[PDB]
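Residues per chain are reported as follows:
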Amino acid sequence: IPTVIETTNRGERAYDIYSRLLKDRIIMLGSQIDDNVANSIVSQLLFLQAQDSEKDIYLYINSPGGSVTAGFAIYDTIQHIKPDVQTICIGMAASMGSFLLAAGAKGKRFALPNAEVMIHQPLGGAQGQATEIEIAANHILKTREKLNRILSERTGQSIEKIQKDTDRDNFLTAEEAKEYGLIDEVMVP
Amino acid sequence: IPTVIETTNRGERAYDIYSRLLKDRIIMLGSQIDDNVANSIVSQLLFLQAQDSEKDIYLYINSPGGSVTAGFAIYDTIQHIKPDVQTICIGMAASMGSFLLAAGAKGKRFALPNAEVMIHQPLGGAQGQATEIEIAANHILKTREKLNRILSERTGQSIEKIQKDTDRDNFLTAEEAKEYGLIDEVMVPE
Amino acid sequence: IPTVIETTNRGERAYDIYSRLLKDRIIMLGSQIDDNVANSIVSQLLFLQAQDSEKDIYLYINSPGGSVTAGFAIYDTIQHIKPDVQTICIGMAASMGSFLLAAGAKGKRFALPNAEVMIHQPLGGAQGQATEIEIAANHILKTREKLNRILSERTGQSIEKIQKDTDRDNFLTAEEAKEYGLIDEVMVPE
Amino acid sequence: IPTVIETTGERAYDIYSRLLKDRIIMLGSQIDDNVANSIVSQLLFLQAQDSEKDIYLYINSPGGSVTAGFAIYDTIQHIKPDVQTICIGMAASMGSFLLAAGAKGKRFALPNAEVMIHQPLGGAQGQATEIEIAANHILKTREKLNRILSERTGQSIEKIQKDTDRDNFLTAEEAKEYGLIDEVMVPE
Amino acid sequence: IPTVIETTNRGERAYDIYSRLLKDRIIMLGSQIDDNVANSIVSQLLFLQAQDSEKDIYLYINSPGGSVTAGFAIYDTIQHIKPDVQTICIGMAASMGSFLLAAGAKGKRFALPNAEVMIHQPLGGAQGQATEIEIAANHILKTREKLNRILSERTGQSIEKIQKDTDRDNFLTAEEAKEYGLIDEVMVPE
Amino acid sequence: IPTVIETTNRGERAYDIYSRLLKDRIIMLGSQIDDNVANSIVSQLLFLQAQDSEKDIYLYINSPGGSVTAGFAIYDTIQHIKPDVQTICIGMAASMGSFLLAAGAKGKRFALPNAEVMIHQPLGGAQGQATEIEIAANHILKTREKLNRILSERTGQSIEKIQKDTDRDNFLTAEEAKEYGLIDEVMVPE
Amino acid sequence: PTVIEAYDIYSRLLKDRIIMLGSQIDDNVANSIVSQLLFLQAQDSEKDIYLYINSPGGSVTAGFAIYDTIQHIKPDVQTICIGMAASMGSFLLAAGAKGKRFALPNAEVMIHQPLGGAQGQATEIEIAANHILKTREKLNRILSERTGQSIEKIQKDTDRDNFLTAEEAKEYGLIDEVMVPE
Amino acid sequence: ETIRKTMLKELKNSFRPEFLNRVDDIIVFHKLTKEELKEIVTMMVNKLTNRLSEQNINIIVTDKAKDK
């Protein structure tokens, strides 16, 4: 990761390229969404809200997805803050990545021309006694229901259509995602 | 980990995002609760109390659980310091993480809309002779009794009900947690 | 990774070789194209577009290949930024590396004399049920079709011929790549 | 580990260095040779810093090497500052030893804290003579531990031998009754 | 790597030993030649040519060999940059390292007295179907043909004799290397 | 390791704890004695001698043992430098750690009250032909004899008694170390 | 540890022209030593360089590179044997300038024939064995030149492992005199 | 517009608010354009032509020369 040095009268600022982008209100989601990445992104969003609560925050997504709880934390932080969050899909947006891609401000969710978006039902695992397996299955079904509800509210599609589309791995191009309502427009060069 | 450069009349300073949040009296608890994390949290709380003893302290919780003793250390530190400690649940607060969520000041425990909390009896393990297994089992049962007692005192629910509900994994939504007494009210978006 | 203290005027700051080359709009791609490398490349491209929207960027490529999605992200960032990007093939540009080599500005794609390029169909895997295998096969076939279409557009050659040539591993010298259309001219030594 | 900015000195510390400035030494990990060396260095530096003020030892550790604990005990007893010991979380094995090794009347424990006292662990392997030597050494180490604990708690060596035969878990109130600590820090 | 400190007219500045040598345009190649080392060497060469395009560059080679692609990338970069590149053999220069040993400018290819050089035919491997093995074998033979051609041009020696001496491992002393043509003169101690 | 602030009259200097201890001529031997640790100790002793050849050097020992050659290098550096070296046994001094403990200046070797000193014959191993096993055994016996000679010189005890006592692992307390001659006096607490 | 006046301890020793060779002699260590030697030659080409040797050995090529760098530079190189010097380490100990190779009183040195390996066809094994014999011949020739000893005697003593103490190093010509304490 | 805004914001981070509050007007100088540089060359050439004409030397500079 390269280092960027900026010279002022007061002193030297040694950014790394991600921090330099963050100076311009760019947050990069470019890895699997685990607890650490979600915590870092939440802290970045909160700091960007503090610095100025009126300008727009830009979120760049290139990730295979990850934890549902981490994605929900990011979604809650995005919806809670006053400034609008523009979501731009570079490369891939899968599982939780697509959920966060759809979570941007209306009229402000973008994707690069040959970017790929994948929607599917969450993965999980149950092990042990029958009662414990039942508890785990109930939890995962509740989580899937919540995700389908949010996606229906945020994309304008019926809950049944999203249930049918998310049964298997559905791969959508930028045009298909625009037609599906996941993104708002493709960014022409 | 991103780096934040903040300009002030005193000069320009380079922060990382977590220390920048700590400047605003915000403590991030976002990993498995082991000895090192609990030590860091206790140190941060003690320093925040030292800086000044009247403003609020904010604890953001996103953890799957961890050691019971580390969580007890964190809870005791929270209860011992004069400034009020607000707890906000980000994402998931499970096992001792949910226990620390209820440890916040009354009227100041928060949770995000699509956040989840999970309460269950503690785990453990015993190996060796029958007497050793008896000792370990007595220890784990006493730990469960202490946890249940603290939860009953902080949530207002009967010890028997918390005993029944923590028998298995209990997943609660923010509204279910509020009606159960774990949190005070959910954070409405603004 | 040697450091360099050479800077103008004050000359106090020290750079590593890659950061110093970044100031000269030199971007090095000397490893497999995964998500981390692609994200770094995209950030560097955006930073260089911000620094000056008119001057050209220099992209030295030496990569066995990598993720198709990462290469697509790099390709979109290259084709989206206003400044032109020169692709210079160092050593081997194979798989997605050759795709990014053809992604440079028209008339601004170069290769060193004793350099090698390779083009082939994308690799992948499909495991599970028959339906899942069908879905994965459809996805990989569509990815190959999109890659072939982009290569045909950027090389001016029929997609039938590219499909025929990408069936197996096709190794081309710098002159053969020039005749094929992936590059524009071979950088003769001084 | 977060970085801390002190506004009264416009100078930056890490949280552990900031605590050590206030004469706070944290024992929050397994006690091995490296950790004991660091603790002894911090204690000696603090003794150099001021001949009078108290040093604070915050203990949260499952235990560890007996020799490292003996080094820490010797350093604590040698230095003429009083060393207050506060039990944060767990004080088990050699950790409970250093808990009772603090200054009399200055041994504190958090309300919901637990301590553990038990005989030291070890192992032997080889010929009969070597195993006999190892057993003699471990028995002498246990005897010295029991003697120091009986001296610093006021209870009989026989009772400590009986209670430390197995794993003895004590609450803060039970540790107060036993004699390891002096009183429990009540919250404000 | 020890830190190295000098007092200049601009004050006292410190370097690591390799950065200090790079200040005097000394480039050290002292490990296996993979894509990372090749990327670093190419970056250093480009930086040195940008700093001053007339002065000489020095390449101290102590390498057991490496990838053919990385070595060819370094060779192309050396032959492309305007400043001359002196090459000095320290210890061992084997396989691709010996190829990079001959890459230096004529009259500026040195070697330490009791140093050893060794030329190989390139290693490789093939796996899969008969067609895939055919393609891999063709690629390896063409790579060896290119290596032999470049070696013949730089050392001024017949291609057939290079084939003969390259079929098996060929250890050469500094005097034998000088007589063969890989180096120009042995560095007599002074 | 923690960082401390110093110089209450100056306040601007901060050192790591071992650098701060090295300022007062305190050298810590608190790990297994290998080549790197011995090199660091020797370099520290040389620097301390260079800074002031009159003042005394302090060596703190807490080590289970280590290589015979590295400890012998430490012994040589201790015995060659003009300034006196005081040795204090913190915790344990076993194997060659006790040898270095006895290596201190006459009348200036101290041990803590509850400190254990262990003396035993050196370990080793031989694997190979009969001649190689004989060579290795002869070397091990020679180095044991050298250790016994030095220990007898610095302890005043007959070499037969050392041979008998070092047959097995002999654990001694501080009082028994003083009676045996390893240390000069036990550091009584203040 | 950090030495304050701030420099790391090895940097501080390098300021006094003291070069420490205290690890296995591989390519990385050889490159570091060569670079340090070149810098010390450049910084002041008239004073003397001190090399401290404590190593079990390593690569023959790395040791030969270090030997060549020592011989080529104009300023002289005193070698002081701290602890052990084995295989290539003893060779570099002998590489010191005349009258200025040192060894601590109870230090130990080792001389033995280089270790190697061969695997594959008969021709490849023959090539590897020929190279190993040539390398041993070169090592023996340089040792005979630098110790004033006959080639045959060095060959005989090097056959098996040969432990030499400081006094045996003295009468063997490996070191020039033992460093008496003062 | 954005360039002026960001330069003004950066100026606030280098001077005290009460110092900038007492300034009557803070003016941002825009970068010179192509035609502005051409006019600057024209004005300097006119000044030089006057100064050489007072010495009775007549000089004219073509448009291509001025552009170069």
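Residues numbered from 1 in each chain as written, not as in the entry; some residues may be left out. Chains lettered and ligands numbered in written order. Part of a larger assembly, values for the part shown. Heavy atoms only, no water. Residues with missing side-chain atoms left out of burial classes, pairs and counts.

1. A word on the overall build of chain D
And step 1. Scanning chain D from terminus to terminus reveals seven helices and nine strands.
And step 2. For 188 residues, the compact-globule formula gives about 16 Å, and the C-alpha radius of gyration of chain D, at 18 Å, lands near that figure.
And step 3. If you line up chain D on its principal axes, its C-alpha atoms span 65 × 35 × 30 Å.
And step 4. Excluding contacts between residues fewer than 6 apart, the proportion of contacts in chain D whose partners are at least 24 apart in sequence is 68%. (Helix = DSSP H or I, 4+ residues; strand = E, 2+ residues; numbered from the N terminus. Rg over C-alpha atoms; globule rule 2.2 N^0.38 Å. Contact = heavy atoms within 4.5 Å.)

2. Examining the pairing of strand β3 (residues 24-27) of chain D
All names here are of chain D.
And step 1. Of the two faces of β3, the one carrying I24 and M26 and the one carrying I25 and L27 are both buried.
And step 2. Here β3 pairs with strand β4 (residues 55-61) via four bridges, running parallel. Within the sheet, the bridge partner assigned to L27 lies in β4 and is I59. (Buried < 20%, exposed > 50% of the residue type's maximum accessible area, 1.4 Å probe, protein only. Pairing = 2+ DSSP bridges.)

3. What about the interface of chain C and chain E?
Much of the literature gives interface size as the accessible area that the parts lose upon coming together.
And step 1. On the chain E side, the residues contacting the 30 residues of chain C number 33 residues.
And step 2. Overall, the association of chain C and chain E removes approximately 2,900 Å² of surface from exposure, summing both partners, and the carbon and sulfur fraction of that is 59%.
And step 3. Summed over the shared surface of chain C and chain E, the result is two salt bridges.
And step 4. When the shortest N-O distance is used, the salt bridge between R168 of chain C and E132 of chain E registers 2.5 Å.
And step 5. In this assembly, chain C and chain E are joined by six residue pairs in polar contact.
And step 6. Contributions of two or more residues to the side of chain C that touches chain E are made by β1 (3-4), α1 (17-23), β4 (57-63) and β5 (85-94) of chain C.
And step 7. A total of four residues in the side of chain C that touches chain E trace back to one element, the largest contributor, which is α1 of chain C.
And step 8. The residue makeup of the side of chain C that touches chain E, split by class, is 18 nonpolar, five polar and seven charged. (Buried area = accessible area lost by both parts, 1.4 Å probe. Salt bridge = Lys/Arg side-chain N within 4 Å of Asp/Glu carboxyl O. Polar contact = N/O pair within 3.5 Å; in protein donor to acceptor, adjacent residues only side chain to side chain. Nonpolar A, V, L, I, M, F, W, Y, C, P; charged D, E, K, R; others polar.)

4. Digging into the interface of chain G and chain E
And step 1. Counting residues at the interface gives 30 residues for chain G, matched by 30 residues for chain E.
And step 2. For the pair chain G and chain E, the two sides together bury roughly 2,600 Å², of which 60% comes from carbon and sulfur.
And step 3. It is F39, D68 and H72 of chain G that lose the most area in chain G upon contact with chain E, and together they represent 22% of the buried surface on that side.
And step 4. Where chain G touches chain E, the interface holds one salt bridge.
And step 5. The shortest N-O distance in the salt bridge between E124 of chain G and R168 of chain E comes to 3.5 Å.
And step 6. Taken together, the connections running from chain G to chain E amount to nine residue pairs in polar contact.
And step 7. For the side of chain G that touches chain E, the leading source of residues is helix α2 (residues 27-43) of chain G, giving nine residues.
And step 8. Across the side of chain G that touches chain E, the residue classes tally to nine nonpolar, 14 polar and seven charged.

5. Describing the arrangement of the chains
And step 1. Of all nine pairs of chains in contact, the one with the most contacts involves chains C and E.
And step 2. With no contact between them, chain B and chain E keep their nearest C-alpha atoms 23 Å apart.

6. Some details on the packing of helix α3 (residues 68-80) of chain A against helix α5 (residues 130-155) of chain A
Residues and elements named next belong to chain A.
And step 1. Taken N-terminus to C-terminus, the directions of α3 and α5 make an angle of 35°; their axes are 12 Å apart at the nearest point. As for the relative orientation of α3 and α5, their crossing is left-handed in sense. Facing α3, whose interface residues are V68, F72, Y75 and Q79, α5 presents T143, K146, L147, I150 and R154. (Axes fitted to C-alpha atoms, helices over the stretch in contact; angles between N-to-C directions. Left-handed = near helix turned anticlockwise from the far one by under 90°.)

7. Looking at the nonpolar core
And step 1. Counting residues in hydrophobic clusters, the biggest one holds 279 residues, and the most contacted among them are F99 and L182 of chain A, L182 of chain E, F99 of chain F together with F91 and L174 of chain G.
And step 2. Broken down by element, this core gets its largest block of residues, eight residues, from helix α2 (residues 35-51) of chain E.
And step 3. In this structure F99 of chain A touches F72, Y75, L147, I150 and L151 of chain A, once residues within four positions along its chain are discounted.
And step 4. Of all hydrophobic cores here, the second largest spans 110 residues; its members include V68, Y75 and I119 of chain B together with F45 of chain D. (Core = buried A, V, L, I, M, F, W, Y, C linked by side-chain atoms within 4.5 Å.)

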